[PDB]
Amino acid sequence: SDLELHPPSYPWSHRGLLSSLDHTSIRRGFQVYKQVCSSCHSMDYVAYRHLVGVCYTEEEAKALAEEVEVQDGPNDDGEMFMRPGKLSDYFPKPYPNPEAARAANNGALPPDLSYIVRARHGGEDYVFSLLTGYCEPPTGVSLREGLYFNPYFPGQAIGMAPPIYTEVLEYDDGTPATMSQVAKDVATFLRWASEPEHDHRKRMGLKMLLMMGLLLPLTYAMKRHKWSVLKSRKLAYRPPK
Amino acid sequence: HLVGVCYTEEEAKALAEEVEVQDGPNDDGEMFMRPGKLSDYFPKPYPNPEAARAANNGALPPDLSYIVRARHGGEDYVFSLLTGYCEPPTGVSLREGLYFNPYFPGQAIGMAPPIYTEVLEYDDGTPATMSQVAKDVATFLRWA
Amino acid sequence: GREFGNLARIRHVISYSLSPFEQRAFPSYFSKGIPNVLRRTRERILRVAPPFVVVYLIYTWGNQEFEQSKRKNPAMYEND
Amino acid sequence: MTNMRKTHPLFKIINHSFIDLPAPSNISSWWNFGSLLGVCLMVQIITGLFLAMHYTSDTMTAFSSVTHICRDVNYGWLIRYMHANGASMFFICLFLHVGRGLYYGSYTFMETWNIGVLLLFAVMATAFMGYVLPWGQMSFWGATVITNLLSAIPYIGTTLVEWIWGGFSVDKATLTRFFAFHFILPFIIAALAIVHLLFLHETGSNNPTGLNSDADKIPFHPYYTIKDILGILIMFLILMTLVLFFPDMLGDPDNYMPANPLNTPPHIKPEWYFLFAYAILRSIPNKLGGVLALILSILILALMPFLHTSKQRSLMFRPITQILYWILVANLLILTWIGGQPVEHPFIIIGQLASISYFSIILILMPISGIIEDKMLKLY
Amino acid sequence: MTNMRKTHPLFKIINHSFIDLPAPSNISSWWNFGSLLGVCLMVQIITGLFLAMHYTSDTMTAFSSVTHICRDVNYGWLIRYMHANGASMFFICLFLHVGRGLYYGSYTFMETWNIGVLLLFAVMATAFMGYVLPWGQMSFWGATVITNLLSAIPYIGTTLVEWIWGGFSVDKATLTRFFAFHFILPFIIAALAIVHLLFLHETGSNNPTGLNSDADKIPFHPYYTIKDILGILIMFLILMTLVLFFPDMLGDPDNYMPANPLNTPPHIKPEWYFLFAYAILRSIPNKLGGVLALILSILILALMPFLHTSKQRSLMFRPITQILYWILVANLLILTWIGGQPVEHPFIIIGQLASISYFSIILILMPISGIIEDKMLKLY
Amino acid sequence: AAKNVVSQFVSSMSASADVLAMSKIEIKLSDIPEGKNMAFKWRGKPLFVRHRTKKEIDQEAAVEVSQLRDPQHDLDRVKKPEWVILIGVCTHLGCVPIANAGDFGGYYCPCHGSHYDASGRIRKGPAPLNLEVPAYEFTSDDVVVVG
Ligand code: HEC
Ligand code: HEC
Ligand code: HEM
Ligand code: HEM
Ligand code: HEM
Ligand code: HEM
Ligand code: FES
């Protein structure tokens, strides 16, 4: 069907005008991506050093980077070799090229989730509604293998199997990993991944509002000084008759 | 680039088709070999310069696309280098994998003498002496 | 060629002004700003507003007409 | 001694154009807007220069360079979104400047008006190629659609489009030459703005009453200096609340995907300030008709000084033409709304009626109304 | 009435600058050269614009884009070699323009001279970063050497060089920002040339006799119009024979290799128009002293109007200072030769004596010679 | 406001985050065994590190300063003589020296045959100068910070 279903507005902790992101939720959503979403989706523009000072310390992010193996080279014989990862390494590819993703995902290409709440209408609301909106198809419509019904996906036939259920991973802080909690955490993490400057942007905006609230009446007062020399000027016509 | 300079369209197409080049990816993301085409560039002998250094005893054979314009003397330097391999004088000790060439800077080149008399057979019946082959390849390098 | 001194010919006109340090920058700002703004908006509201009012009506009608254009016609699938 | 301000040959021009310039005392805040445009131009140039130290005009690396600017350059996201929202602020100030010129009869300064419409064409071309530059999905498909409809010219159109492309489609050569042209045109815009200021300064500015303001003129400094400073501060407030709080309310989300030639978007738009012209371009079911409709929809401002049939310059004392002017602003907003809508019912008939009404109000209704208004004052 | 050439506000500027401008009748072919510079500047801009249509400022593809211009773009080799040999022609015309100004006493037009010195600094910086742009071996190593001499500045130099580099050495960020700055500086050069012409037309131009040429002045059109067109055509003859017959007699062969940070060249030089400054800097056995020697060499060229101690303006009637001037030009030729030589015997002592004689001739010998001439002519 | 704007644009012209990440090396640690040198990658250049013995230290210190091609002793090349850290680029044509080769028992270049000792000095070959030593910093002995 060509009819579309808009996702609703959720009360996010960063929804407000000066409201920053909850960094524990970004840490939990990074764990959700690492354990679930990294098998199919890529994060080509995010590195491990971006996690320092946001969700993890330097040594925690160093351990996270060294858990994986990165292709590197050329060696002195001219051959490629695996090495442990470091902080300057970006997040590992699931597939070496998109045609391998097409072959491994029944013809569908799992998109790079680095701008996925910036490239979709709804933002993180759309991601939450897509992850928590898998349901049985209604009567009249039928779907084949490799397809799953999702009313928030355009066309209502998504090639992605439902990846999140109750207790799909174990959190580091002991939070109960329900489907809604895991989806909210990964939506917060994807919002941070699309907008890493978000808290700094809102702090800059707060300083800008304070500075403009200081400076606009003062510049208005200077203008009205230099113009109130003219705005009380009185004229008189005195013809000699 | 050889069409209209040295070869015809079908001659350059046969020259391209007689070598096998790299193509990919296919529908399942696997690299594969294919016959060459006219738009294909000349094939690299090595995939990376470290493999070239490993194969050529440390030394890296340079890319000869501007080797006339990147050397002082131009094709005179190439003709003097290719025809100027001589025995070293007394007092000069030369290691393995190095060859005396007085036109090379430092007089110790890592390239073995690559051309001799009947080093190949020409298509037009020109006798393949060392000087003729060196002059022909210097003219080709000046064109390149 | 066109500067102060040769702009216009003015006769018998007296101007009075005072220093900006002598007078207030906001002399009765609200108590005379509000009726002046009300006078200006009542002299211009009938010329300005009704085009934008009918833009709002056309916008709402077009959006709702597109929404019922995407609506399924119940007259179909009635014969069988 | 010697007055250095009125004698030094570099300070004499600065004095005559900004300090001792006789300006009308009663010009409203609308007369700020052109100065804002100049400031916006400088802002764009400055931000553009700081985008040019990290941007690469290669189709493999353009999106990667833009993401590298946003993520790794210190405050690079700030400069990029300042550049984008400053282009939007440029078009806001440009539209209000043109509306001031239309309302107050400032088009009788004919040379200034013609240099203006040349500047408007140059700014639209610069913004189009700049929007192509990040090489997103939306940039590639907008460039493809605009050049494909530019191919409608008979007997030269396909050759001209393949010459502009440098190939069979929108490719690497198109992006690199668009980077060069987008770099070079704002300096031509600055030179044309200098010519614009000269052609205005031969005769002074207009006032909202439309009368000869020679009896009441004041120096530009300090009155319009501090007024322009206040307008600059307010425009900076709106620009920074557009950048720091709602950085994507005016852009399209689909530009954050990489350019896929295989995948077409379900709905193709230019950015909002082109949108009304796009609506006019699709109000005629003929390719040449739509192209000429767009060209005359921009060039009707150049045709405007020959349509003035009234004995009063401004619209301050002309209520019927005021009503027609606000109806014109109304259906310009309507065409802007239609241009972002897909081509089904009732958007097609609304856009056709809006384009017909736009051309009939500018061409027919305003001179007839001016004749009627002259008849009411016992002048005709 | 219909004298539009002197009533139209745009056309009267071109009239007053190029048609009815009173010029001295007796100015030689040397006075052509500055006009050539403007034309050469335009040529550079035009060629650069087309070179900007296919060049990518990425370290992995800058050399590849240059080879693609020279091989695959239709007449792209012609555009590139016209750009390089036009840079050489621009510096030839700059040297002859500066030599005319030094010989004929034209430095007494002090504002024109100082705007010229700023123009010369801007053109040298533009040509340096433009030579960095093709990303050969010599481009990278010359940029590294010149930035290290900039790092010789105490207590702020190292942080300034890592700020200009955008990192630890010459790299991707340096090349991209050098492309941005190399694009933007010639338009500032054009604006400074407009200021140059403004100051000169304020003061009038000089003649080879150094006398007041108000008694015998001719219109610029058509005399100097056809004379500068003849000069432009001669300059295009020399430029096109340099492009089409000897394209590499001024360039360096090692720039035809890709940039290798691992391999250093055996001898590192800049281009020929920087060789005299390189020899001046290299002669003093210190870093900060050599950088100050280069800066103060161009600064004593700027300081030249304060050293004129003669009652005559030009050198036409001053044979001793003529001899000193030709010794100075000869010394500049020697310094240009030494700058292209490596540091062995006797090039160090020849360059040291050459730089010492250069500063002694400019700072000491010429005013003493002018005083001796004033004694010999019985002036005082 | 003008301070913050100018400072932000100047800081934008400075080094980016990826360049600052690539400038510092991961921990070299004490993985170097006795006699063996190992090579890492740093700024597109090889970096050799080696443990050094006291007999080799005295053998390198026996060679004087002014009598060589370039005046440089062994004592000012390294701060602690236990380790030697150097950039592994041959300075003739930009090749890579071979670990533990040559007549001096140091490095040897297979490109044109430049003999290097344990200190990186040139003694036999067409190399115009030495192998340069980076400026490193000594923390506690489990970590050495070069870069
Ligand atoms: C392999 C089974 C995957 C897992 C694990 C995850 N995703 Fe995925 N995703 C996959 C495919 C094959 C597709 C494309 C399907 C199609 O029909 O296009 C997707 C798509 C998405 C999208 C994009 C939706 C859109 O409108 O384009 C999103 C936002 C998405 N997937 C989210 C997502 C998250 C958050 C995951 C971790 C829990 C995740 N996916 C895992 C394949 C697979
Ligand atoms: C493998 C044995 C090669 C054959 C076949 C050819 N060349 Fe070569 N060449 C080779 C090496 C390993 C090197 C570098 C050695 C060194 O000491 O640097 C070279 C070098 C050159 C050069 C560059 C000379 C210079 O001054 O840099 C040239 C111009 C050259 N070789 C020419 C050349 C020609 C024309 C060949 C075909 C007949 C040829 N070489 C074959 C290795 C090998
Ligand atoms: C000479 C000065 C200018 C330079 C050097 C310049 C340079 C650039 C560069 C490099 C980009 C790509 C980076 C990006 O994606 O934002 C860009 C984008 C853009 N530029 Fe400019 N620009 C200049 C002036 C202007 C002007 C005057 C306008 C307005 C008409 C403009 C409008 C745009 C737009 C709309 C974009 C797209 C922004 C986006 O990605 O959303 N530019 N410019
Ligand atoms: C590139 C963007 C533009 C800039 C920078 C610019 C600049 C200026 C400036 C500085 C002024 C004088 C101050 C003022 O009166 O507001 C002005 C006035 C004017 N401009 Fe522009 N302008 C631009 C676009 C245009 C366009 C597109 C037009 C034509 C529709 C135009 C027509 C005029 C007119 C008629 C005036 C006279 C105002 C009056 O006296 O009423 N300008 N412009
Ligand atoms: C704004 C106008 C200009 C643009 C867009 C421009 C652009 C370029 C570009 C893209 C290159 C690299 C292509 C190449 O290597 O040939 C280049 C090279 C160069 N440019 Fe410019 N340029 C401009 C003006 C100038 C000026 C005024 C000069 C000084 C006379 C100059 C001097 C050079 C030099 C010396 C090179 C190196 C030539 C070479 O080694 O191949 N450019 N320019
Ligand atoms: C950017 C390159 C330059 C351009 C385009 C330029 C342009 C011009 C032009 C068009 C003239 C008038 C025609 C003439 O007399 O030759 C002129 C004259 C002059 N220029 Fe330049 N110039 C340049 C560089 C310089 C420099 C570097 C200096 C300072 C050393 C300088 C100082 C002068 C002087 C003193 C005159 C007066 C000539 C006289 O009356 O004797 N110019 N220039
Ligand atoms: S490159 Fe190492 S010995 Fe020549």
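All ligand and atom numbering here is 1-based and tracks the order in the structure. The sequence lines fix the lettering, A, B, ..., with proteins before strands; numbering per chain opens at 1. Just so you know, these numbers use all the heavy atoms, side chains as well, and skip hydrogens, waters and symmetry mates.
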Among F63(E), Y131(E), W135(E), exactly one meets ring-ring contact (aromatic ring centres under 6.0 Å, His included) together with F140(E). Which residue is that? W135(E)
When you measure from the side chain of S80(B) to the backbone N and O of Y77(B), does any donor-acceptor pair fall under 3.5 Å? no
What atoms of ligand 7 come closer than 4.0 angstrom to any heavy atom of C90(F)? 1 (S), 2 (Fe), 3 (S)
Compute the shortest N/O to N/O distance between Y55(E) and ligand 5 and return yes if it is under 3.5 Å, no if not. no
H182(E), N/O/S atom nearest atom 21 (Fe) of ligand 5: NE2
Which of the numbered atoms in ligand 5 are under 4.0 angstrom from any heavy atom belonging to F187(E)? 1 (C)
Looking only at protein heavy atoms, which one is nearest to atom 3 (C) of ligand 5, and how far off is it? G48(E) CA, 4.0 Å
Quick one: does any side-chain atom of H112(F) pair with a main-chain N or O of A108(B) as donor and acceptor, under 3.5 Å? yes
How about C95(F) and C111(F): are their SG atoms under 2.5 Å apart? yes
Pull out every atom of ligand 7 sitting under 4.0 Å from any heavy atom of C95(F), numbered as shown with elements. 1 (S)
Using a 4.0 Å cut-off to any heavy atom of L60(B), which atoms of ligand 2 qualify? 14 (C)
Is the backbone of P128(F) close enough, under 3.5 Å, to the side chain of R69(F) for a donor and an acceptor to pair up by distance? yes
Out of all atoms in ligand 5, which are within 4.0 Å of some heavy atom of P186(E)? Include the element for each. 1 (C), 2 (C), 24 (C), 27 (C)
SG on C70(E) to OH on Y256(E), rounded to 0.5 Å: 6.5 Å
Atoms of ligand 2, numbered as shown, that sit under 4.0 Å from any heavy atom of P62(B): 19 (C), 20 (C), 23 (C)
Close-contact set for ligand 2 against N56(B) heavy atoms, below 4.0 Å: 1 (C), 12 (C)
Under 6.0 Å between the ring centres of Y55(D) and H182(D)? no
Here the atoms of ligand 5 under 4.0 Å from any heavy atom belonging to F183(E) are 1 (C), 5 (C)
So, the side chain of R53(B) versus the backbone of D76(A): is there a donor-acceptor pair under 3.5 Å, distance only? no
So do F100(B) and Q107(B) actually touch side chain to side chain, heavy atoms under 4.5 Å? yes
Region of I115(B) that comes within reach of ligand 2 [heavy atoms, distance under 4.0 Å]: side chain
Has the side chain of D248(E) got a donor or acceptor atom that lies under 3.5 Å from a matching backbone atom of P253(E)? no
Relative to the heavy atoms of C109(F), which atoms of ligand 7 are at a distance of less than 4.0 Å? 1 (S), 2 (Fe), 3 (S)
When you look for heavy atoms under 4.0 Å from ligand 7, do you find them on the side chain of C111(F), its backbone, both, or neither? side chain
Per-atom contact, atom 3 (C) of ligand 2, protein heavy atoms, under 4.0 angstrom: no
Under the 3.5 angstrom rule, does the side chain of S88(E) hit a backbone N or O of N85(E) as a donor-acceptor pair? no
Measure from the side-chain N and O atoms of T176(D) to the backbone N and O of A173(D), and report whether any donor-acceptor pair falls under 3.5 Å. no
Using distance alone, determine whether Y131(E) and ligand 5 share an N or O pair under 3.5 Å. no
Which atoms of ligand 2 sit under 4.0 Å from any heavy atom of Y77(B)? 24 (C), 25 (C), 26 (O)
Look only at the side chain of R50(F) and the backbone of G106(F), and say whether a donor-acceptor pair between them is shorter than 3.5 Å. no
Is any N, O or S atom of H112(F) under 2.8 Å away from atom 2 (Fe) of ligand 7? no
Begin with the C-alpha distance, continue with both residues' side-chain angles, and end with the deciding distance and a verdict on side chain to side chain donor-acceptor pair (under 3.5 Å) for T59(E) and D171(E). CA-CA 7 Å; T59(E) 45; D171(E) 212 358; 5.2 Å; no
Mind checking whether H68(E) and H54(E) have parallel, tilted or perpendicular rings, split at 30° and 60°? tilted
Of all protein heavy atoms, the one nearest atom 38 (C) of ligand 5 is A84(E) CB, 4.0 Å
Counting non-hydrogen protein atoms only, what is the nearest one to atom 11 (C) of ligand 5? Give residue, atom name and distance. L133(E) CD1, 4.1 Å
Using a 4.0 Å cut-off to any heavy atom of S114(F), which atoms of ligand 7 qualify? 3 (S)
Among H112(F), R53(B), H72(B), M111(B), which residue places a heavy atom closest to atom 33 (C) of ligand 2? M111(B)
Could you check which of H83(E), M82(E), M89(E), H54(E) puts a non-hydrogen atom nearest to atom 17 (C) of ligand 5? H83(E)
Check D103(F) with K124(F), please: is the shortest side-chain N to carboxylate O separation under 4.0 Å? no
min-distance protein heavy atom vs atom 14 (C) of ligand 5 -> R80(E) NE, 3.8 Å
Applying a 4.0 Å heavy-atom criterion (strictly less than), which segment of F91(E) is in contact with ligand 5: side chain, backbone, both, or neither? neither
Please indicate, with yes or no, if any protein heavy atom is found under 4.0 Å from atom 37 (C) of ligand 2? no
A87(E) neighbourhood, listing ligand 5 atoms whose heavy-atom distance to it stays under 4.0 Å: 30 (C), 32 (C), 35 (C)
Below 4.0 Å, non-hydrogen atoms only: which portion of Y256(E) touches ligand 5? Side chain, backbone, both or neither. neither
Please state which part of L82(B) comes within less than 4.0 Å of ligand 2, counting heavy atoms only: side chain, backbone, both or neither. side chain
In sequence, state the C-alpha distance, the side-chain angles, and the governing distance for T56(E) and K172(D), and then conclude on side-chain contact (heavy atoms from CB on, under 4.5 Å). CA-CA 10 Å; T56(E) 70; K172(D) 182 175 73 175; 5.5 Å; no
Less than 4.0 Å is my threshold; does some heavy atom of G113(F) fall inside it relative to ligand 7? yes
Look at atom 34 (C) of ligand 5 and say which protein heavy atom is nearest, naming residue and atom and giving the distance to 0.1 Å. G130(E) C, 3.9 Å
Checking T129(B) side chain against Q132(B) main chain: does a donor-acceptor pair fall under 3.5 Å? yes
For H92(F), counting its heavy atoms only, list the atoms of ligand 7 lying under 4.0 Å from any of them. 1 (S), 4 (Fe)
Would you mind listing which atoms of ligand 7 come within a distance below 4.0 Å of any non-hydrogen atom of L93(F)? 1 (S)
Looking at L129(F), is its backbone amide N or carbonyl O close enough to the side chain of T91(F) to form a donor-acceptor pair, meaning the two atoms are under 3.5 Å apart? yes
Ligand-residue contact atoms, ligand 2 with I67(B), heavy atoms, under 4.0 Å: 29 (C)
If you scan protein heavy atoms around atom 28 (C) of ligand 5, the nearest is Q44(E) NE2, 3.4 Å
List every atom of ligand 5 that sits less than 4.0 Å from any heavy atom of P134(E), numbering the atoms from 1 in the order shown and giving each element. 15 (O), 40 (O)
Please could you name the atoms of ligand 5 that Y273(E) approaches to less than 4.0 Å, counting only its heavy atoms? 35 (C)
Below 4.0 angstrom from a heavy atom of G110(B), which ligand 2 atoms are there? Numbered from 1 as shown, please. 12 (C), 15 (C), 16 (C), 17 (O)
